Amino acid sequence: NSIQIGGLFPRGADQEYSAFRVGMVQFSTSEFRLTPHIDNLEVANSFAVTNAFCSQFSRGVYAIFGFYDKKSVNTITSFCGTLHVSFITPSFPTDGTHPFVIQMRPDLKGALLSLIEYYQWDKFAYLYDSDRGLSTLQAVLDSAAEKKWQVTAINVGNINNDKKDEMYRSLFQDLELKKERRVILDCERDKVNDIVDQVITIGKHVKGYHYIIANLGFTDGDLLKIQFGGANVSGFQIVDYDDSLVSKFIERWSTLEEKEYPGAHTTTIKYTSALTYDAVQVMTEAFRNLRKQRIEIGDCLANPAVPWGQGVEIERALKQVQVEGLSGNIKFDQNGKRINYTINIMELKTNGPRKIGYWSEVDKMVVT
């Protein structure tokens, strides 16, 4: 009795798709199996996302796993909400009410604000990507008013890859001389290197800097292979490689064939890929729970809109799932947001990245 689902993957999301496939093997059974229909697309393109979503809807899927970005998130939220089709995603979470969107990614804003306070910063630069979210900007600016921080918030987004050389010159002119060496990096991975390299290049107090990397994958990729030149570096991690569940997963992931599973055959996994694997567990558990409870379960532009009648039952089952995964304890509130999770707080130290503590909604920051 195969369960039809959609998968909407950004082009080039190879490791995430490998993790998706490993999840299907691990969490599938002899009798029950998810049957995915995969669309690879440019998620920044709302026409493309709309077309993929509607195609999946017309096929008759029971849920869609996928990604969105800043430009397409409203298409996903509006179509899911209108048609009662559940969308499970590792993409950035949103604060608004969004029925039918299950957000695997824990919110990071609270942990970031707690870390700023932990280091007792009161003056710092916030370098963010216009090509990324803005919920974190807002939160930082709003906290600055309350906490009396002096924030220099520079949208490092939309760089012509041309004037780049000198959009950094004016950037560091403001910082370097204002003797502002506490810096939060909230952008795409590549722009991190591009900014850090600009600090060592114009060699000045290179080691006097302290960077906070505002993402959930501090130790992902060769991120920490950069030449920070003795500067302090801190960040966040949702995948704890010392946890029993993660260690067992890596025992397998580390042995996989690269040809079959691009991005595997390593001892680490990107947090987005980990969340993708966890999403498969969540979906499998939801459908298994519908079976236990004996709950039996086509035109996108049809007018009037015909929402899926059973949609609410699947949405409910998904949000009621409680399991442990690669991203720790997984539990959802009624709006599809992660709750009762933990984010590990990391510092780059003499012998490599080290966990110095953790953050939860209830307790805020706890030092190990």
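Just count from 1 along the sequence shown to find any residue number.
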item	value
Interval residue 226-residue 227, deposited residues with no coordinates in the entry (none, 1 to 3, 4 to 9, 10 or more)	none
Between 84-92 and 164-172 (mean CA B-factor, as deposited), the higher	164-172
Between the two ranges 110-118 and 200-208, the one averaging a larger CA B factor in the entry	200-208
Most elevated Cα B-factor in the entry, residues 189, 98, 71, 248	189
278, 260, 222, 285, ranked by C-alpha B-factor: the highest one	222
Third of the chain, ranked by Cα B-factor, where residue 330 sits	lowest
Third assignment of residue 60 from its chain's C-alpha B-factors	highest
Residue 77 - Cα temperature factor, lowest/middle/highest third of chain	lowest
B-factor third for the C-alpha atom of residue 362 within its chain	highest
Assigned third (lowest, middle, highest) for the C-alpha B factor of residue 265	lowest
